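J.: Starting off with a structure, shown below.
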Number of protein chains: 4
Amino acid sequence: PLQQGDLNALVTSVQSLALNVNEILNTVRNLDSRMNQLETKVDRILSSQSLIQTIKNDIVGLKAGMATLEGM
Amino acid sequence: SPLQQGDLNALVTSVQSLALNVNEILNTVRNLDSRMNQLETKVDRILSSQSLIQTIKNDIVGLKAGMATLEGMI
Amino acid sequence: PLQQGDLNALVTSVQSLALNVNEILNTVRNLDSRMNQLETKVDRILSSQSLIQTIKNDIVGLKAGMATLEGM
Amino acid sequence: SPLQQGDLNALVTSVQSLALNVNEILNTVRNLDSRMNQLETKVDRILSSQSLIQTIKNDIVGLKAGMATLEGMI
């Protein structure tokens with residue numbers, strides 16, 4: 001007849017699995033928070049690409065206006 | 001003490017409780033997978049503009065040699 | 001006397017846990033690969049910051065050389 | 001068939017095998033946590049340079065008004 005103690009190894013194995021799963025949970029919740037931060041900052045970088053092409057358009061005018069000066 | 005059905009049932013509920021934590025992990029890593037894919041797309045867009053900077057650097061060098069030409073002509 | 005079938009619910013519960021853990025594993029291996037790609041591309045962006053300050057130095061000269069032209 | 005110790009032992013080994021997969025997940029998510037921290041630091045460095053672009057845009061606008069001044073003076 002099986003005894004309660006015959007289940008001990010299985011109980012301990014599940015306890016250990018639960019401890020390690022809990023640490024995964026803690027870590028992935030932190031990854032979720034980190035990803036929020038990364039997304040916000042990448043969106044910030046991407047918005048500044050407006051500057052880039054404004055600089056681009058202005059430089060076109062600077063090149064043209066300067067060919068004028070070279071002519072004069 | 002003889003092993004009883006209730007002892008096995010206790011482990012079932014423990015495993016099913018653990019399964020809820022596993023389910024949260026799985027939902028969250030799938031969400032992270034989708035969000036990292038979107039992040040890479042935006043990083044791609046930033047990269048494409050970066051060498052437009054290379055052209056800017058070239059245009060500016062050209063403006064430099066020109067302005068020297070103006071001064072040299074006097 | 002407990003019978004083999006009395007363990008069925010526990011066996012099934014562990015099978016389901018294993019299936020779902022396997023899908024987490026598949027997903028996190030994919031996150032690892034995605035992170036390699038992100039790291040490589042962010043390093044690429046960061047290196048181009050050299051351009052930025054080169055543009056910065058040159059513009060300083062353009063501002064100065066141009067004050068000269070304004071004087072002339 | 002009466003439940004036997006070997007039936008319980010089979011579940012122990014199954015759980016311990018599952019634990020190896022859990023261990024790989026845990027090692028990998030910890031590594032991802034470290035790498036996302038480093039990634040954010042590099043994203044910070046990119047952000048700091050981005051508004052140096054804002055100054056560039058300003059200097060270029062100034063060069064624009066100047067070059068018009070040169071042409072206007074003739």
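Within each chain, counting starts at residue 1; across the structure tokens, chains are named A, B, ... in the order shown, with ligands numbered 1 upward in that order.
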Enumerate as a list in words the residues belonging to chain C that approach chain D to within 6 Å, with only C-alpha atoms taken into account.
T.: residues 2, 3, 4 and 25 of chain C
J.: With only C-alpha atoms as the counted atoms, please give the residues lying no more than 9 Å from residue 13 in chain A, apart from itself and same-chain residues fewer than 5 positions off, as an mmCIF file with N, CA, C and O atoms, in the first residue's frame.
T.:
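Wrote result.cif, looks like this:
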```cif
data_model
loop_
_atom_site.group_PDB
_atom_site.id
_atom_site.type_symbol
_atom_site.label_atom_id
_atom_site.label_comp_id
_atom_site.auth_asym_id
_atom_site.auth_seq_id
_atom_site.Cartn_x
_atom_site.Cartn_y
_atom_site.Cartn_z
ATOM 1 N N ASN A 8 6.402 12.239 -1.862
ATOM 2 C CA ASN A 8 7.234 13.387 -1.509
ATOM 3 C C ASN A 8 8.082 13.868 -2.682
ATOM 4 O O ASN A 8 8.197 15.077 -2.912
ATOM 5 N N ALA A 18 7.594 25.266 -9.679
ATOM 6 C CA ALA A 18 6.827 26.480 -9.419
ATOM 7 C C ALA A 18 7.740 27.649 -9.052
ATOM 8 O O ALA A 18 7.525 28.780 -9.514
ATOM 9 N N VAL D 12 7.552 11.988 -11.611
ATOM 10 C CA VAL D 12 8.721 12.731 -11.143
ATOM 11 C C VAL D 12 9.685 13.002 -12.294
ATOM 12 O O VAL D 12 10.125 14.142 -12.504
ATOM 13 N N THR D 13 10.055 11.961 -13.043
ATOM 14 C CA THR D 13 10.998 12.164 -14.139
ATOM 15 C C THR D 13 10.419 13.089 -15.208
ATOM 16 O O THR D 13 11.147 13.919 -15.776
ATOM 17 N N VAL D 15 8.338 15.588 -14.688
ATOM 18 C CA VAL D 15 8.431 16.952 -14.161
ATOM 19 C C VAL D 15 9.870 17.446 -14.199
ATOM 20 O O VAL D 15 10.132 18.598 -14.565
ATOM 21 N N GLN D 16 10.830 16.590 -13.843
ATOM 22 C CA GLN D 16 12.238 16.983 -13.869
ATOM 23 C C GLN D 16 12.723 17.236 -15.294
ATOM 24 O O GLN D 16 13.577 18.104 -15.516
ATOM 25 N N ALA D 19 11.442 20.554 -16.132
ATOM 26 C CA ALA D 19 12.264 21.535 -15.430
ATOM 27 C C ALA D 19 13.480 21.962 -16.242
ATOM 28 O O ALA D 19 13.928 23.104 -16.111
#
```
J.: Could you give me chain B least-squares fitted onto chain D (all C-alpha atoms, paired in order), as an mmCIF file with N, CA, C and O atoms, in the first residue's frame?
T.:
```
data_model
loop_
_atom_site.group_PDB
_atom_site.id
_atom_site.type_symbol
_atom_site.label_atom_id
_atom_site.label_comp_id
_atom_site.auth_asym_id
_atom_site.auth_seq_id
_atom_site.Cartn_x
_atom_site.Cartn_y
_atom_site.Cartn_z
ATOM 1 N N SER B 1 -5.728 -1.834 -12.675
ATOM 2 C CA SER B 1 -4.370 -2.091 -12.215
ATOM 3 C C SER B 1 -4.063 -1.208 -11.018
ATOM 4 O O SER B 1 -4.252 0.001 -11.079
ATOM 5 N N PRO B 2 -3.587 -1.809 -9.932
ATOM 6 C CA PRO B 2 -3.233 -1.012 -8.751
ATOM 7 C C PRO B 2 -2.143 -0.002 -9.075
ATOM 8 O O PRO B 2 -1.200 -0.293 -9.816
ATOM 9 N N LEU B 3 -2.285 1.195 -8.505
ATOM 10 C CA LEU B 3 -1.245 2.213 -8.612
ATOM 11 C C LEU B 3 0.029 1.712 -7.935
ATOM 12 O O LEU B 3 -0.020 1.137 -6.843
ATOM 13 N N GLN B 4 1.174 1.926 -8.589
ATOM 14 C CA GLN B 4 2.458 1.454 -8.094
ATOM 15 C C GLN B 4 3.424 2.626 -7.942
ATOM 16 O O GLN B 4 3.235 3.699 -8.527
ATOM 17 N N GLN B 5 4.478 2.415 -7.148
ATOM 18 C CA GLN B 5 5.497 3.455 -6.993
ATOM 19 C C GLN B 5 6.063 3.890 -8.343
ATOM 20 O O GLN B 5 6.310 5.083 -8.565
ATOM 21 N N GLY B 6 6.246 2.944 -9.269
ATOM 22 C CA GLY B 6 6.777 3.291 -10.578
ATOM 23 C C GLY B 6 5.914 4.286 -11.329
ATOM 24 O O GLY B 6 6.430 5.093 -12.111
ATOM 25 N N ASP B 7 4.597 4.269 -11.089
ATOM 26 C CA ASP B 7 3.706 5.261 -11.700
ATOM 27 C C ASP B 7 3.981 6.670 -11.177
ATOM 28 O O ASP B 7 3.951 7.651 -11.943
ATOM 29 N N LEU B 8 4.226 6.800 -9.871
ATOM 30 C CA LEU B 8 4.596 8.098 -9.315
ATOM 31 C C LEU B 8 5.972 8.516 -9.812
ATOM 32 O O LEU B 8 6.192 9.690 -10.153
ATOM 33 N N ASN B 9 6.908 7.566 -9.859
ATOM 34 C CA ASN B 9 8.263 7.873 -10.298
ATOM 35 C C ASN B 9 8.281 8.363 -11.740
ATOM 36 O O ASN B 9 9.088 9.236 -12.097
ATOM 37 N N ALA B 10 7.400 7.822 -12.581
ATOM 38 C CA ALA B 10 7.300 8.279 -13.965
ATOM 39 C C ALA B 10 6.943 9.759 -14.031
ATOM 40 O O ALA B 10 7.518 10.516 -14.831
ATOM 41 N N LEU B 11 6.016 10.202 -13.173
ATOM 42 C CA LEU B 11 5.655 11.619 -13.130
ATOM 43 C C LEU B 11 6.808 12.473 -12.609
ATOM 44 O O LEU B 11 7.038 13.582 -13.111
ATOM 45 N N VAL B 12 7.552 11.988 -11.611
ATOM 46 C CA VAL B 12 8.721 12.731 -11.143
ATOM 47 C C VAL B 12 9.685 13.002 -12.294
ATOM 48 O O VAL B 12 10.125 14.142 -12.504
ATOM 49 N N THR B 13 10.055 11.961 -13.043
ATOM 50 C CA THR B 13 10.998 12.164 -14.139
ATOM 51 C C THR B 13 10.419 13.089 -15.208
ATOM 52 O O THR B 13 11.147 13.919 -15.776
ATOM 53 N N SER B 14 9.112 12.976 -15.494
ATOM 54 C CA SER B 14 8.474 13.892 -16.442
ATOM 55 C C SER B 14 8.601 15.339 -15.978
ATOM 56 O O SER B 14 8.913 16.240 -16.776
ATOM 57 N N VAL B 15 8.338 15.588 -14.688
ATOM 58 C CA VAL B 15 8.431 16.952 -14.161
ATOM 59 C C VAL B 15 9.870 17.446 -14.199
ATOM 60 O O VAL B 15 10.132 18.598 -14.565
ATOM 61 N N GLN B 16 10.830 16.590 -13.843
ATOM 62 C CA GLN B 16 12.238 16.983 -13.869
ATOM 63 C C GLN B 16 12.723 17.236 -15.294
ATOM 64 O O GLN B 16 13.577 18.104 -15.516
ATOM 65 N N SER B 17 12.178 16.510 -16.275
ATOM 66 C CA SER B 17 12.502 16.774 -17.673
ATOM 67 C C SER B 17 11.932 18.124 -18.096
ATOM 68 O O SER B 17 12.617 18.941 -18.738
ATOM 69 N N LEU B 18 10.681 18.380 -17.724
ATOM 70 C CA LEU B 18 10.071 19.682 -17.960
ATOM 71 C C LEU B 18 10.888 20.807 -17.321
ATOM 72 O O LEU B 18 11.054 21.889 -17.915
ATOM 73 N N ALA B 19 11.442 20.554 -16.132
ATOM 74 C CA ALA B 19 12.264 21.535 -15.430
ATOM 75 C C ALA B 19 13.480 21.962 -16.242
ATOM 76 O O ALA B 19 13.928 23.104 -16.111
ATOM 77 N N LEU B 20 14.046 21.070 -17.063
ATOM 78 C CA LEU B 20 15.167 21.474 -17.912
ATOM 79 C C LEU B 20 14.729 22.492 -18.963
ATOM 80 O O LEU B 20 15.484 23.423 -19.294
ATOM 81 N N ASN B 21 13.522 22.329 -19.513
ATOM 82 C CA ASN B 21 13.004 23.329 -20.449
ATOM 83 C C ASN B 21 12.743 24.655 -19.741
ATOM 84 O O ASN B 21 13.050 25.727 -20.277
ATOM 85 N N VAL B 22 12.143 24.604 -18.551
ATOM 86 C CA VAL B 22 11.967 25.797 -17.724
ATOM 87 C C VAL B 22 13.308 26.477 -17.453
ATOM 88 O O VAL B 22 13.422 27.710 -17.505
ATOM 89 N N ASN B 23 14.357 25.693 -17.204
ATOM 90 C CA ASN B 23 15.666 26.276 -16.929
ATOM 91 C C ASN B 23 16.215 27.015 -18.148
ATOM 92 O O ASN B 23 16.813 28.093 -18.015
ATOM 93 N N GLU B 24 16.039 26.453 -19.345
ATOM 94 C CA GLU B 24 16.475 27.165 -20.543
ATOM 95 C C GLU B 24 15.698 28.465 -20.708
ATOM 96 O O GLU B 24 16.286 29.518 -21.000
ATOM 97 N N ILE B 25 14.379 28.429 -20.498
ATOM 98 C CA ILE B 25 13.591 29.662 -20.589
ATOM 99 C C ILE B 25 14.130 30.712 -19.630
ATOM 100 O O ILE B 25 14.331 31.879 -20.003
ATOM 101 N N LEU B 26 14.348 30.325 -18.373
ATOM 102 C CA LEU B 26 14.793 31.274 -17.358
ATOM 103 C C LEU B 26 16.153 31.865 -17.719
ATOM 104 O O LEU B 26 16.360 33.083 -17.621
ATOM 105 N N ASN B 27 17.110 31.017 -18.120
ATOM 106 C CA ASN B 27 18.411 31.533 -18.533
ATOM 107 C C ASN B 27 18.258 32.515 -19.680
ATOM 108 O O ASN B 27 18.883 33.587 -19.686
ATOM 109 N N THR B 28 17.412 32.182 -20.654
ATOM 110 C CA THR B 28 17.267 33.046 -21.824
ATOM 111 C C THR B 28 16.575 34.365 -21.490
ATOM 112 O O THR B 28 16.993 35.418 -21.981
ATOM 113 N N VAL B 29 15.509 34.351 -20.679
ATOM 114 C CA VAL B 29 14.863 35.628 -20.350
ATOM 115 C C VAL B 29 15.763 36.513 -19.486
ATOM 116 O O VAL B 29 15.738 37.741 -19.624
ATOM 117 N N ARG B 30 16.582 35.932 -18.602
ATOM 118 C CA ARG B 30 17.545 36.749 -17.869
ATOM 119 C C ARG B 30 18.545 37.390 -18.824
ATOM 120 O O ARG B 30 18.916 38.560 -18.661
ATOM 121 N N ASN B 31 19.015 36.631 -19.814
ATOM 122 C CA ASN B 31 19.938 37.175 -20.805
ATOM 123 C C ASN B 31 19.267 38.285 -21.608
ATOM 124 O O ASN B 31 19.870 39.339 -21.860
ATOM 125 N N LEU B 32 18.007 38.078 -22.000
ATOM 126 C CA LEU B 32 17.263 39.123 -22.702
ATOM 127 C C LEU B 32 17.125 40.381 -21.847
ATOM 128 O O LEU B 32 17.183 41.503 -22.365
ATOM 129 N N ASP B 33 16.926 40.216 -20.540
ATOM 130 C CA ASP B 33 16.790 41.351 -19.634
ATOM 131 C C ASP B 33 18.071 42.180 -19.634
ATOM 132 O O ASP B 33 18.032 43.409 -19.773
ATOM 133 N N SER B 34 19.221 41.509 -19.501
ATOM 134 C CA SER B 34 20.504 42.205 -19.561
ATOM 135 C C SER B 34 20.690 42.899 -20.906
ATOM 136 O O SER B 34 21.139 44.054 -20.969
ATOM 137 N N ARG B 35 20.354 42.211 -21.998
ATOM 138 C CA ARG B 35 20.579 42.771 -23.326
ATOM 139 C C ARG B 35 19.629 43.920 -23.634
ATOM 140 O O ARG B 35 20.016 44.868 -24.324
ATOM 141 N N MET B 36 18.400 43.879 -23.123
ATOM 142 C CA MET B 36 17.502 45.012 -23.325
ATOM 143 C C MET B 36 17.959 46.226 -22.534
ATOM 144 O O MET B 36 17.802 47.367 -22.991
ATOM 145 N N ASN B 37 18.538 46.003 -21.357
ATOM 146 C CA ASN B 37 19.128 47.098 -20.604
ATOM 147 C C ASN B 37 20.253 47.759 -21.395
ATOM 148 O O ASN B 37 20.309 48.989 -21.505
ATOM 149 N N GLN B 38 21.160 46.954 -21.960
ATOM 150 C CA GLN B 38 22.240 47.505 -22.773
ATOM 151 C C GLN B 38 21.688 48.206 -24.007
ATOM 152 O O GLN B 38 22.187 49.267 -24.409
ATOM 153 N N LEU B 39 20.661 47.626 -24.630
ATOM 154 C CA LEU B 39 20.067 48.245 -25.808
ATOM 155 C C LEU B 39 19.517 49.622 -25.474
ATOM 156 O O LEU B 39 19.694 50.575 -26.243
ATOM 157 N N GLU B 40 18.849 49.750 -24.327
ATOM 158 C CA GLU B 40 18.292 51.039 -23.941
ATOM 159 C C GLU B 40 19.389 52.077 -23.754
ATOM 160 O O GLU B 40 19.207 53.250 -24.102
ATOM 161 N N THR B 41 20.532 51.668 -23.196
ATOM 162 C CA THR B 41 21.644 52.598 -23.040
ATOM 163 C C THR B 41 22.099 53.125 -24.392
ATOM 164 O O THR B 41 22.367 54.323 -24.542
ATOM 165 N N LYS B 42 22.189 52.249 -25.392
ATOM 166 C CA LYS B 42 22.606 52.696 -26.716
ATOM 167 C C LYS B 42 21.535 53.565 -27.361
ATOM 168 O O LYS B 42 21.856 54.531 -28.061
ATOM 169 N N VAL B 43 20.260 53.242 -27.139
ATOM 170 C CA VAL B 43 19.172 54.080 -27.637
ATOM 171 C C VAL B 43 19.243 55.465 -27.001
ATOM 172 O O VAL B 43 18.985 56.484 -27.656
ATOM 173 N N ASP B 44 19.614 55.523 -25.719
ATOM 174 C CA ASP B 44 19.827 56.802 -25.047
ATOM 175 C C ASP B 44 20.902 57.616 -25.755
ATOM 176 O O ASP B 44 20.749 58.827 -25.965
ATOM 177 N N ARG B 45 22.016 56.968 -26.109
ATOM 178 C CA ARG B 45 23.095 57.676 -26.791
ATOM 179 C C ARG B 45 22.638 58.207 -28.142
ATOM 180 O O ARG B 45 22.999 59.324 -28.530
ATOM 181 N N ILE B 46 21.840 57.429 -28.872
ATOM 182 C CA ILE B 46 21.294 57.909 -30.138
ATOM 183 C C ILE B 46 20.380 59.105 -29.906
ATOM 184 O O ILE B 46 20.417 60.088 -30.656
ATOM 185 N N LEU B 47 19.562 59.052 -28.855
ATOM 186 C CA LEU B 47 18.644 60.149 -28.563
ATOM 187 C C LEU B 47 19.400 61.436 -28.264
ATOM 188 O O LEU B 47 19.001 62.523 -28.707
ATOM 189 N N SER B 48 20.497 61.338 -27.512
ATOM 190 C CA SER B 48 21.245 62.540 -27.162
ATOM 191 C C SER B 48 21.761 63.247 -28.408
ATOM 192 O O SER B 48 21.753 64.482 -28.477
ATOM 193 N N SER B 49 22.198 62.486 -29.413
ATOM 194 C CA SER B 49 22.688 63.119 -30.635
ATOM 195 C C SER B 49 21.553 63.713 -31.457
ATOM 196 O O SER B 49 21.777 64.642 -32.242
ATOM 197 N N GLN B 50 20.331 63.207 -31.282
ATOM 198 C CA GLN B 50 19.239 63.573 -32.179
ATOM 199 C C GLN B 50 18.952 65.069 -32.156
ATOM 200 O O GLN B 50 18.639 65.656 -33.197
ATOM 201 N N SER B 51 19.034 65.706 -30.984
ATOM 202 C CA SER B 51 18.771 67.140 -30.924
ATOM 203 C C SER B 51 19.992 67.976 -31.278
ATOM 204 O O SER B 51 19.844 69.176 -31.543
ATOM 205 N N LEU B 52 21.190 67.380 -31.281
ATOM 206 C CA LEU B 52 22.292 67.996 -32.013
ATOM 207 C C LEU B 52 21.894 68.228 -33.462
ATOM 208 O O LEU B 52 22.354 69.187 -34.096
ATOM 209 N N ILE B 53 21.031 67.360 -33.993
ATOM 210 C CA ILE B 53 20.405 67.609 -35.285
ATOM 211 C C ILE B 53 19.572 68.883 -35.238
ATOM 212 O O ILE B 53 19.556 69.663 -36.197
ATOM 213 N N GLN B 54 18.858 69.110 -34.130
ATOM 214 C CA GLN B 54 18.049 70.319 -34.009
ATOM 215 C C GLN B 54 18.912 71.566 -34.133
ATOM 216 O O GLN B 54 18.525 72.537 -34.797
ATOM 217 N N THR B 55 20.085 71.557 -33.495
ATOM 218 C CA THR B 55 21.025 72.663 -33.638
ATOM 219 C C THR B 55 21.527 72.775 -35.073
ATOM 220 O O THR B 55 21.636 73.882 -35.614
ATOM 221 N N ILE B 56 21.853 71.640 -35.698
ATOM 222 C CA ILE B 56 22.254 71.650 -37.105
ATOM 223 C C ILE B 56 21.183 72.325 -37.948
ATOM 224 O O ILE B 56 21.473 73.193 -38.781
ATOM 225 N N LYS B 57 19.924 71.935 -37.741
ATOM 226 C CA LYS B 57 18.822 72.563 -38.462
ATOM 227 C C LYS B 57 18.804 74.068 -38.232
ATOM 228 O O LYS B 57 18.495 74.841 -39.147
ATOM 229 N N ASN B 58 19.138 74.505 -37.016
ATOM 230 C CA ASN B 58 19.166 75.935 -36.729
ATOM 231 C C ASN B 58 20.339 76.613 -37.427
ATOM 232 O O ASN B 58 20.173 77.656 -38.071
ATOM 233 N N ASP B 59 21.538 76.035 -37.308
ATOM 234 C CA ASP B 59 22.700 76.610 -37.983
ATOM 235 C C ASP B 59 22.463 76.718 -39.485
ATOM 236 O O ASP B 59 22.856 77.707 -40.116
ATOM 237 N N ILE B 60 21.815 75.711 -40.074
ATOM 238 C CA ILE B 60 21.571 75.725 -41.513
ATOM 239 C C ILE B 60 20.583 76.822 -41.883
ATOM 240 O O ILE B 60 20.767 77.530 -42.882
ATOM 241 N N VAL B 61 19.527 76.992 -41.085
ATOM 242 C CA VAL B 61 18.608 78.105 -41.309
ATOM 243 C C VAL B 61 19.350 79.433 -41.235
ATOM 244 O O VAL B 61 19.106 80.347 -42.036
ATOM 245 N N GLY B 62 20.273 79.562 -40.278
ATOM 246 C CA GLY B 62 21.072 80.774 -40.194
ATOM 247 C C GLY B 62 21.934 80.986 -41.423
ATOM 248 O O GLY B 62 22.030 82.101 -41.944
ATOM 249 N N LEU B 63 22.583 79.920 -41.900
ATOM 250 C CA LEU B 63 23.341 80.017 -43.142
ATOM 251 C C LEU B 63 22.449 80.442 -44.302
ATOM 252 O O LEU B 63 22.891 81.179 -45.194
ATOM 253 N N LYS B 64 21.189 80.004 -44.297
ATOM 254 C CA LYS B 64 20.256 80.380 -45.354
ATOM 255 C C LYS B 64 20.002 81.884 -45.355
ATOM 256 O O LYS B 64 20.141 82.548 -46.389
ATOM 257 N N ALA B 65 19.615 82.438 -44.201
ATOM 258 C CA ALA B 65 19.389 83.876 -44.111
ATOM 259 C C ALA B 65 20.647 84.655 -44.451
ATOM 260 O O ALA B 65 20.569 85.741 -45.040
ATOM 261 N N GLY B 66 21.815 84.126 -44.090
ATOM 262 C CA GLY B 66 23.048 84.810 -44.439
ATOM 263 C C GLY B 66 23.271 84.864 -45.937
ATOM 264 O O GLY B 66 23.511 85.934 -46.506
ATOM 265 N N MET B 67 23.233 83.700 -46.595
ATOM 266 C CA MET B 67 23.503 83.656 -48.030
ATOM 267 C C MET B 67 22.551 84.567 -48.794
ATOM 268 O O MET B 67 22.939 85.191 -49.790
ATOM 269 N N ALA B 68 21.299 84.662 -48.340
ATOM 270 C CA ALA B 68 20.387 85.647 -48.909
ATOM 271 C C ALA B 68 20.907 87.058 -48.679
ATOM 272 O O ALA B 68 20.780 87.925 -49.551
ATOM 273 N N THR B 69 21.500 87.305 -47.509
ATOM 274 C CA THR B 69 22.079 88.616 -47.237
ATOM 275 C C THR B 69 23.198 88.937 -48.220
ATOM 276 O O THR B 69 23.288 90.062 -48.726
ATOM 277 N N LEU B 70 24.062 87.960 -48.504
ATOM 278 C CA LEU B 70 25.118 88.175 -49.488
ATOM 279 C C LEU B 70 24.528 88.548 -50.843
ATOM 280 O O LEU B 70 24.946 89.531 -51.467
ATOM 281 N N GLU B 71 23.544 87.777 -51.310
ATOM 282 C CA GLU B 71 22.912 88.083 -52.589
ATOM 283 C C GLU B 71 22.221 89.441 -52.550
ATOM 284 O O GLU B 71 22.297 90.213 -53.514
ATOM 285 N N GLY B 72 21.539 89.748 -51.445
ATOM 286 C CA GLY B 72 20.862 91.029 -51.339
ATOM 287 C C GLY B 72 21.822 92.201 -51.396
ATOM 288 O O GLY B 72 21.548 93.210 -52.051
ATOM 289 N N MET B 73 22.960 92.086 -50.709
ATOM 290 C CA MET B 73 23.970 93.134 -50.793
ATOM 291 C C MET B 73 24.542 93.240 -52.199
ATOM 292 O O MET B 73 24.906 94.337 -52.638
ATOM 293 N N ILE B 74 24.621 92.124 -52.917
ATOM 294 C CA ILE B 74 25.038 92.136 -54.313
ATOM 295 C C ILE B 74 26.516 92.483 -54.446
ATOM 296 O O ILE B 74 27.382 91.664 -54.138
#
```
J.: Which distance in Å separates CA of residue 72 in chain C and CA of residue 56 in chain C, to one decimal?
T.: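 Taking CA of residue 72 in chain C as the start and CA of residue 56 in chain C as the end point, the length is 24.9 Å.
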J.: Within 10 Å of chain A, which residues of chain C come that close, and what is the closest atom pair and distance in Å for each? Count only C-alpha atoms and give it as JSON lines.
T.:
```
{"residue": "C:1", "atom": "CA", "partner": "A:1", "partner_atom": "CA", "distance": 7.3}
{"residue": "C:2", "atom": "CA", "partner": "A:2", "partner_atom": "CA", "distance": 8.3}
{"residue": "C:14", "atom": "CA", "partner": "A:14", "partner_atom": "CA", "distance": 9.8}
{"residue": "C:21", "atom": "CA", "partner": "A:21", "partner_atom": "CA", "distance": 9.6}
```
J.: Report, in Å with one decimal, the straight-line distance from CA of residue 39 in chain C to CA of residue 40 in chain A.
T.: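 Spanning CA of residue 39 in chain C to CA of residue 40 in chain A is a straight-line distance of 17.2 Å.
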J.: Between CA of residue 67 in chain A and CA of residue 62 in chain C, what distance in Å does the model show, to one decimal?
T.: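 Distance reported for this atom pair: 15.6 Å.
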